[PDB]
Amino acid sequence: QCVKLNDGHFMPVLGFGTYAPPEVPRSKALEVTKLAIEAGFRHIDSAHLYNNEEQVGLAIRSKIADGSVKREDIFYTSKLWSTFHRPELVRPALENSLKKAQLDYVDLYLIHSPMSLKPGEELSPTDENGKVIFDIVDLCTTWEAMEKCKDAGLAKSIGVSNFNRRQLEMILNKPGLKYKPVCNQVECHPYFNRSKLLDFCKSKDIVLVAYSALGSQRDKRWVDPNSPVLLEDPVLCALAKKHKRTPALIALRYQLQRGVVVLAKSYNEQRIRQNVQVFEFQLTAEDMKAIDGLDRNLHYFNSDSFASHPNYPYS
C-alpha cells in the first residue's frame, strides 16, 4: 500500500508520527515505535528537531533483530533543521542523524522548513532581546547539497516540508536541477485541506504528505487552546457513526482517497493499532465532498516570531 515517488522509490501511504513533547520520557519513543511496527506501520517520520532519532533508530534496529522486518521493509524519514540550511552544513547534519539512528541511510530526507535560522548549536538561536535570529540562505543551494546526499546514497529520496507553491517553483525552475523534491510534507486536515496546493503538487508529480492530520497535539506553546478540536467535528463524528469507525479513521481515510500520504502520531498502543484500520473501509464520493466542505484555513501551528520570517510559507 505504497505510492511510487518521482525518483522511482516507493513510500507507504500510511506513516507513523514520532514527535512527543519534551515532558514525555525519551524511552517512550523507542517503545511506541516498536508497537507501531508490530501493528504494521512501515513508514516512520522523525527529524533532528524531535530529539528522538536515537530511540526511533533503536526501535527499528530491535524489530530487525527479532526478525519482524528487514531494513528494506522500513521507510524512514528524517529532516534537516533550519539552522543547517547552509550547503556545507547539510551533509554533516544528515550524517549526524544517521549516526544517532544507527542507520546507514534514510529513505527520505526533508528540508524541514524554508525558514532559515542562524547556524550554531541552538535549535532556537535568540538575540540579546530574546528574538529568534533568522538567517538568509539561498534554498536552491541547500537543495543542491540535498541532491549530493542522494547521490552519496545517504538518502534514497529527498523532498521538502512547509513549502508553499512559490517556494516549490523556485526549486522546480532551478537551472540544472537534478532531482525534483519527491514530496512536500505540510499541515493538512479537513479544517485546512490544502486543495490548491495538492492540485499543484499533483501536476508536478510531487506527493503531498499530511501532518497534524488528526488536528495536531494541541501543545499549549504553539496551538491556540480556543481553536476547534478537529476530532470533535460533528460531520466527522457523524461519518464515524455511519461507517462504524472513529473520527480519526475518517480523517486519515479522507487523505488516502484524495491521494495524500498521511501521518498519524499516537503514543497509545490501542490507537496505534486502530490507525492501521484505515485500510479496512471506504468513504463514498459524497462523504468526501462532505469533508471537503469543512475547510476553514485553520492552521494549528502559530509563532508570530515566524510570521515575520521572509520565508514564512503562509504569505
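Take the two forms, find the largest set of C-alpha atoms that superpose within 1.5 Å, and that set is the rigid core. One-based numbering along the sequence shown.
Superposing the other copies on the rigid core and comparing 218 to 226 to 145 to 153, farther C-alpha placement in 8 other deposited structures of this protein marks 218 to 226. Structural divergence in 8 other deposited structures of this protein between 295 to 303 and 9 to 17: following superposition by the core, 295 to 303 has C-alpha atoms lying farther from the shown form. Taking the mean C-alpha B-factor of each stretch as recorded, 123 to 131 and 97 to 105 are not equal, and the higher mean is that of 123 to 131. If you average the C-alpha B-factors over 260 to 268 and over 50 to 58, the higher value belongs to 50 to 58.
Within the group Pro175, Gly159, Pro114, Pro87, the record's highest C-alpha temperature factor is found at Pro175. Between the residues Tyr211, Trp143, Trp222, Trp81, it is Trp222 that shows the highest Cα B-factor in the PDB record. Ranked against the other modelled residues of its chain, the C-alpha B-factor of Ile37 as given in the entry falls in the lowest third. Among all modelled residues in this chain, the alpha-carbon of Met288 has a temperature factor (C-alpha) in the middle third. Among all modelled residues in its chain, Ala307 ranks in the highest third by Cα B-factor.
Annotation for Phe16: CA B-factor lies in the lowest third of the chain's modelled residues.
Among the modelled residues of its chain, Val182 has a C-alpha B-factor that falls in the lowest third according to the deposited record.
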